[PDB]
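Notes follow the structure.
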Amino acid sequence: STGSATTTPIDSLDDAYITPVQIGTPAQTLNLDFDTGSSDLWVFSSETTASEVXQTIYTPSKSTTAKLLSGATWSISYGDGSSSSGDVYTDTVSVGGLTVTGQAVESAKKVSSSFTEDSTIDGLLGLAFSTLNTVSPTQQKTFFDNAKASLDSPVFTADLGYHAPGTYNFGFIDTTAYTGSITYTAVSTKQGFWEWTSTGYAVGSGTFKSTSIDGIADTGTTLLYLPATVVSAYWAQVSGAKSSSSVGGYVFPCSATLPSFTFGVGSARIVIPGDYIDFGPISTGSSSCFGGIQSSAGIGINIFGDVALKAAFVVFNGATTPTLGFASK
Ligand SMILES: CC(C)(C)S(=O)(=O)N[C@@H](Cc1ccccc1)C(=O)N[C@@H](Cc1c[nH]c[nH+]1)C(=O)N[C@@H](CC1CCCCC1)C(O)(O)C(F)(F)C(=O)NCCN1CCOCC1
């Protein structure tokens, strides 16, 4: 089997992407944030504290296939400090025509303020390794782990657009969606992430420096977070850019034409166009814009977030020994 779903940016900044997911029988359609940085599928629901709901909710009691997973609970917090918790049902879940029976659907009893305030995200679908799932006492498998037995090939691909829709495919590689060939690189699963090592970087039309950069491929993070000295090297080429303590990172004049940024995948090179690094104005009508490449020093891990992934066709190869593939597009 295979599945193919359109994913759409939630706003004009590409802050996040949402993908429709059908849950239950008859299907309830929710728009979820596919996150390769976590492993929980959780949704707003009829159980969520009413004052914290502003979103489309899942109602397990209107699904004939929903089953309560007795005595299971979950609690998660994310790197930006947001959190949620609740109980667990199993139910039928379909993405793009690909159906999984018996999927753990984590129902939120409580959600943090950030979740309440974002009307466009009805929940998260985690696509990291199942060791990071937060259900207790027995962890639950991710949608991808449950689908692998049925998939034509144990892969999914991410084709995120720049201020445009893109596609998540399950079970096949669309050879029309990229150019050249795919280069694969080893994944370390020790921390539960799609963790890989980039072979170097270049800024604009300058030299490529071979330097290993360990980081994670994370669809659920907006920006590109890299070591402080790499990031300083990038913004040194932008005459009006400065690190702003009040805004929380590097800012630059919106009128600037930004240099591209290249990262290494083995012997291959992926080029992020300068325009992708212009995240946007710090506020409407401002003359100052926020940068899309920022320092990872405060995070503790380098993150190849949407700014980087949307410049590439990305293959998450879910075989027993996983790998990550990148192609230009
Ligand atoms: C709107 C920025 C002004 C560009 S922002 O950073 O706030 N954007 C958020 C994403 C966003 C967009 C739109 C609406 C809401 C949220 C962002 O990029 N968040 C990152 C920031 C980060 C990472 N690390 C340090 N800081 C993040 O937490 N991403 C997580 C998924 C997000 C969470 C908020 C809602 C959207 C999905 C994440 O899962 O990708 C993660 F990998 F970073 C992470 O937190 N992984 C959680 C690991 N769990 C921990 C518990 O044990 C199990 C493993």
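Labels used: A, B, ... for chains in the order of the structure tokens, numbers from 1 for residues in each chain, and numbers from 1 for ligands as shown.
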Just the strand (DSSP E) stuff from stretch 27-154 of chain A, please, per backbone DSSP, written as a VMD selection string. chain A and resid 28 to 35 41 to 43 67 to 77 83 to 95 98 to 111 123 to 126
Please dump the current selection as a compact mmCIF listing (two decimals), in the first residue's frame; keep C-alpha atoms.
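Dumped everything to part-v6.txt:
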```
# COMPACT_ATOMS: atom_id res chain seq x y z
CA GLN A 28 -13.16 12.71 11.57
CA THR A 29 -10.73 14.93 9.69
CA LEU A 30 -8.16 16.79 11.75
CA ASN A 31 -5.25 18.90 10.53
CA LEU A 32 -2.06 17.67 12.18
CA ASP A 33 1.55 18.82 12.37
CA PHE A 34 3.75 15.98 11.09
CA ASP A 35 6.79 16.09 13.37
CA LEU A 41 0.11 11.19 17.75
CA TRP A 42 -2.08 13.36 20.00
CA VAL A 43 -5.16 15.39 19.28
CA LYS A 67 -11.20 1.54 21.91
CA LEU A 68 -9.97 2.90 25.22
CA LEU A 69 -6.49 1.62 26.07
CA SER A 70 -7.09 0.83 29.70
CA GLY A 71 -4.81 2.47 32.26
CA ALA A 72 -2.55 4.19 29.72
CA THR A 73 -1.65 7.83 30.06
CA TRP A 74 0.73 10.21 28.32
CA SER A 75 2.48 13.47 29.03
CA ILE A 76 4.81 15.38 26.73
CA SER A 77 6.75 18.61 26.68
CA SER A 83 3.04 20.61 26.78
CA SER A 84 -0.02 18.39 26.84
CA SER A 85 -1.24 15.22 28.55
CA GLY A 86 -4.17 12.80 28.53
CA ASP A 87 -5.38 9.26 27.96
CA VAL A 88 -5.15 6.88 25.00
CA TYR A 89 -7.55 5.25 22.55
CA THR A 90 -6.76 3.00 19.64
CA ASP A 91 -8.56 3.73 16.41
CA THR A 92 -8.35 3.62 12.66
CA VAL A 93 -6.14 6.34 11.20
CA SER A 94 -5.74 7.21 7.51
CA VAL A 95 -3.27 9.52 5.81
CA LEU A 98 -3.10 4.77 3.66
CA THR A 99 -5.05 3.17 6.54
CA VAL A 100 -3.72 1.75 9.79
CA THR A 101 -6.03 -0.09 12.21
CA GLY A 102 -5.18 -0.13 15.91
CA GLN A 103 -3.22 3.16 15.93
CA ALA A 104 -2.71 4.78 19.33
CA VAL A 105 -4.54 8.11 19.31
CA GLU A 106 -3.51 10.16 22.31
CA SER A 107 -6.42 12.27 23.53
CA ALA A 108 -5.53 15.52 25.29
CA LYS A 109 -7.15 16.24 28.61
CA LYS A 110 -5.08 19.43 28.95
CA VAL A 111 -3.02 21.52 26.55
CA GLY A 123 -2.67 18.04 17.05
CA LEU A 124 0.65 16.36 16.19
CA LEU A 125 1.61 13.24 14.31
CA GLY A 126 5.04 12.11 15.48
```
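Once only C-alpha atoms and all ligand atoms are used for the distance check, the residues close to ligand 1 at 6 Å turn out to be residues 15, 16, 35, 37, 38, 76, 77, 78, 79, 80, 132, 133, 218, 220, 221, 222, 223 and 299 of chain A.
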Can I get the selected residues back with N, CA, C and O atoms, as a compact mmCIF listing (two decimals), in the first residue's frame?
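The resulting part-v4.txt:
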```txt
# COMPACT_ATOMS: atom_id res chain seq x y z
N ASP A 15 5.61 28.97 9.13
CA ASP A 15 5.95 28.63 10.50
C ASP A 15 5.84 27.14 10.79
O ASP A 15 6.56 26.57 11.61
N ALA A 16 4.89 26.46 10.17
CA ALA A 16 4.63 25.05 10.34
C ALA A 16 3.75 24.62 9.15
O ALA A 16 3.22 25.48 8.45
N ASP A 35 5.60 15.71 12.63
CA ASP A 35 6.79 16.09 13.37
C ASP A 35 7.78 14.94 13.48
O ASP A 35 7.59 14.01 14.23
N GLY A 37 10.48 15.14 14.86
CA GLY A 37 11.20 15.32 16.09
C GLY A 37 10.54 14.74 17.33
O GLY A 37 11.00 14.99 18.45
N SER A 38 9.44 13.99 17.21
CA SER A 38 8.70 13.42 18.32
C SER A 38 7.92 12.20 17.82
O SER A 38 7.89 11.99 16.61
N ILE A 76 3.66 15.00 27.55
CA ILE A 76 4.81 15.38 26.73
C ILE A 76 5.11 16.86 26.90
O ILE A 76 4.21 17.67 27.12
N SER A 77 6.39 17.22 26.80
CA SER A 77 6.75 18.61 26.68
C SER A 77 7.72 18.77 25.50
O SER A 77 8.50 17.86 25.24
N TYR A 78 7.63 19.90 24.83
CA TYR A 78 8.47 20.13 23.65
C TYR A 78 9.55 21.16 23.95
O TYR A 78 9.55 21.80 25.00
N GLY A 79 10.49 21.32 23.02
CA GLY A 79 11.64 22.17 23.27
C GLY A 79 11.30 23.62 23.49
O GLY A 79 12.06 24.31 24.17
N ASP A 80 10.20 24.09 22.91
CA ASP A 80 9.74 25.45 23.10
C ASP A 80 8.93 25.62 24.38
O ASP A 80 8.43 26.72 24.66
N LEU A 132 10.78 7.25 21.70
CA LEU A 132 10.50 8.55 22.30
C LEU A 132 9.01 8.71 22.65
O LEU A 132 8.63 9.73 23.21
N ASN A 133 8.20 7.72 22.34
CA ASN A 133 6.76 7.86 22.63
C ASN A 133 6.55 7.96 24.13
O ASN A 133 7.20 7.34 24.96
N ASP A 218 14.28 17.64 11.28
CA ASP A 218 13.11 17.89 12.11
C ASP A 218 12.02 18.69 11.39
O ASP A 218 12.11 19.92 11.39
N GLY A 220 9.19 19.39 12.40
CA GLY A 220 8.40 20.10 13.37
C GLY A 220 9.10 21.31 13.94
O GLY A 220 8.61 21.91 14.89
N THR A 221 10.24 21.67 13.37
CA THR A 221 10.94 22.91 13.74
C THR A 221 11.07 23.83 12.55
O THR A 221 11.34 23.46 11.41
N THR A 222 10.81 25.10 12.81
CA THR A 222 10.70 26.07 11.74
C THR A 222 12.06 26.38 11.12
O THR A 222 12.19 26.35 9.90
N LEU A 223 13.01 26.69 11.99
CA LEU A 223 14.25 27.27 11.52
C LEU A 223 15.40 26.27 11.42
O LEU A 223 15.25 25.11 11.78
N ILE A 299 20.08 25.43 22.54
CA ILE A 299 19.20 24.27 22.39
C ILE A 299 19.91 23.00 22.81
O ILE A 299 19.30 22.14 23.46
```
Residues near stretch 268-272 of chain A, cut-off 9 Å, only C-alpha atoms, skip fewer than 4 positions along chain, as a PyMOL selection string: chain A and resi 183+200-201+260-264+276-277+307-312+326-328
May I have the residues within 10 Å of residue A:258 as an MDAnalysis selection string, using only C-alpha atoms and disregarding those fewer than 2 positions away in the same chain? chainID A and resid 204 234:235 237:239 252:256 260:261 273:278 291
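Nearest-residue note for residue A:118: choosing from A:247, A:10, A:293, A:314, the minimum distance belongs to A:10, counting only C-alpha atoms.
Note that DSSP on the backbone gives helix (DSSP H, G or I) to these residues of stretch 106-189 of chain A: residues 113, 114, 115, 116, 117, 130, 131, 132, 143, 144, 145, 146 and 147 of chain A.
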Find the distance between atom CA of residue A:66 and atom CA of residue A:49 and write it in Å to one decimal. 20.3 Å
Pull the closest atom pair for each residue of stretch 106-190 of chain A that gets at most 7 Å from stretch 50-59 of chain A, along with the distance in Å to one decimal, counting only C-alpha atoms, ordering rows by chain and then ascending residue number, as CSV.
```
residue,atom,partner,partner_atom,distance
A:111,CA,A:52,CA,6.5
A:116,CA,A:52,CA,5.5
A:119,CA,A:55,CA,5.2
A:120,CA,A:55,CA,6.6
A:121,CA,A:55,CA,6.8
A:122,CA,A:55,CA,5.4
```
Would you save the residues from that selection as a CSV table (one decimal), in the first residue's frame, using C-alpha atoms?
```csv
chain,number,residue,atom,x,y,z
A,111,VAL,CA,-3.0,21.5,26.6
A,116,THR,CA,-4.8,26.9,22.6
A,119,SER,CA,-6.2,27.7,15.9
A,120,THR,CA,-4.7,26.0,12.9
A,121,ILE,CA,-3.1,22.9,14.5
A,122,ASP,CA,-5.5,20.3,15.8
```
Got a sec: who's within 9 Å of stretch 150-167 of chain A, counting only C-alpha atoms, leaving out chain neighbours fewer than 2 positions off, as an MDAnalysis selection string? chainID A and resid 1:9 11:14 17 19 98 100 144:148 169:174 177 219 276 306:307 309:319
Go ahead and save the residues from that selection, with C-alpha atoms, as a PDB file, in the first residue's frame.
```
ATOM      1  CA  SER A   1       0.000   0.000   0.000  1.00  0.00           C
ATOM      2  CA  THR A   2       0.905   3.667  -0.329  1.00  0.00           C
ATOM      3  CA  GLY A   3      -0.413   7.041   0.731  1.00  0.00           C
ATOM      4  CA  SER A   4       0.013  10.613  -0.550  1.00  0.00           C
ATOM      5  CA  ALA A   5      -1.171  13.762   1.269  1.00  0.00           C
ATOM      6  CA  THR A   6      -0.883  17.478   0.637  1.00  0.00           C
ATOM      7  CA  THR A   7       0.722  19.519   3.358  1.00  0.00           C
ATOM      8  CA  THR A   8       0.109  23.225   3.626  1.00  0.00           C
ATOM      9  CA  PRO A   9       1.818  26.054   5.515  1.00  0.00           C
ATOM     10  CA  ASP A  11       0.638  31.047   7.668  1.00  0.00           C
ATOM     11  CA  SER A  12       2.504  33.302   5.262  1.00  0.00           C
ATOM     12  CA  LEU A  13       5.822  32.627   7.101  1.00  0.00           C
ATOM     13  CA  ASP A  14       5.909  28.817   6.703  1.00  0.00           C
ATOM     14  CA  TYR A  17       2.839  22.732   7.932  1.00  0.00           C
ATOM     15  CA  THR A  19      -1.670  17.706   6.805  1.00  0.00           C
ATOM     16  CA  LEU A  98      -3.104   4.771   3.661  1.00  0.00           C
ATOM     17  CA  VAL A 100      -3.718   1.748   9.790  1.00  0.00           C
ATOM     18  CA  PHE A 144       4.897   4.880  10.345  1.00  0.00           C
ATOM     19  CA  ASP A 145       5.990   1.845  12.467  1.00  0.00           C
ATOM     20  CA  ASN A 146       2.464   0.497  12.273  1.00  0.00           C
ATOM     21  CA  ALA A 147       2.214   1.022   8.515  1.00  0.00           C
ATOM     22  CA  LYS A 148       5.572  -0.568   7.587  1.00  0.00           C
ATOM     23  CA  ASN A 169       4.304  10.303   0.626  1.00  0.00           C
ATOM     24  CA  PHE A 170       4.256   6.954   2.373  1.00  0.00           C
ATOM     25  CA  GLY A 171       5.618   3.838   0.752  1.00  0.00           C
ATOM     26  CA  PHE A 172       7.108   5.052  -2.535  1.00  0.00           C
ATOM     27  CA  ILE A 173       9.607   7.524  -3.940  1.00  0.00           C
ATOM     28  CA  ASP A 174       8.182   9.872  -6.592  1.00  0.00           C
ATOM     29  CA  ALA A 177       9.593  15.287  -7.569  1.00  0.00           C
ATOM     30  CA  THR A 219       9.921  18.733  10.177  1.00  0.00           C
ATOM     31  CA  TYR A 276      14.381  31.017   2.183  1.00  0.00           C
ATOM     32  CA  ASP A 306      11.920  23.500   7.740  1.00  0.00           C
ATOM     33  CA  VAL A 307      14.152  26.258   6.391  1.00  0.00           C
ATOM     34  CA  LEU A 309      14.267  20.670   4.525  1.00  0.00           C
ATOM     35  CA  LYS A 310      12.053  22.692   2.180  1.00  0.00           C
ATOM     36  CA  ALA A 311      15.065  23.232  -0.112  1.00  0.00           C
ATOM     37  CA  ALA A 312      15.298  19.450  -0.628  1.00  0.00           C
ATOM     38  CA  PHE A 313      13.417  16.282  -1.393  1.00  0.00           C
ATOM     39  CA  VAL A 314      13.896  14.226   1.789  1.00  0.00           C
ATOM     40  CA  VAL A 315      13.614  10.453   2.126  1.00  0.00           C
ATOM     41  CA  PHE A 316      13.096   8.898   5.559  1.00  0.00           C
ATOM     42  CA  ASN A 317      14.167   5.323   5.019  1.00  0.00           C
ATOM     43  CA  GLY A 318      12.619   3.194   7.754  1.00  0.00           C
ATOM     44  CA  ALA A 319      14.393  -0.102   7.073  1.00  0.00           C
TER      45      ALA A 319
END
```
Between atom CA of residue A:257 and atom CA of residue A:242, measure the distance and give it in Å to one decimal. 15.2 Å
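Take atom CA of residue A:289 and atom CA of residue A:212: the distance between them is 29.4 Å.
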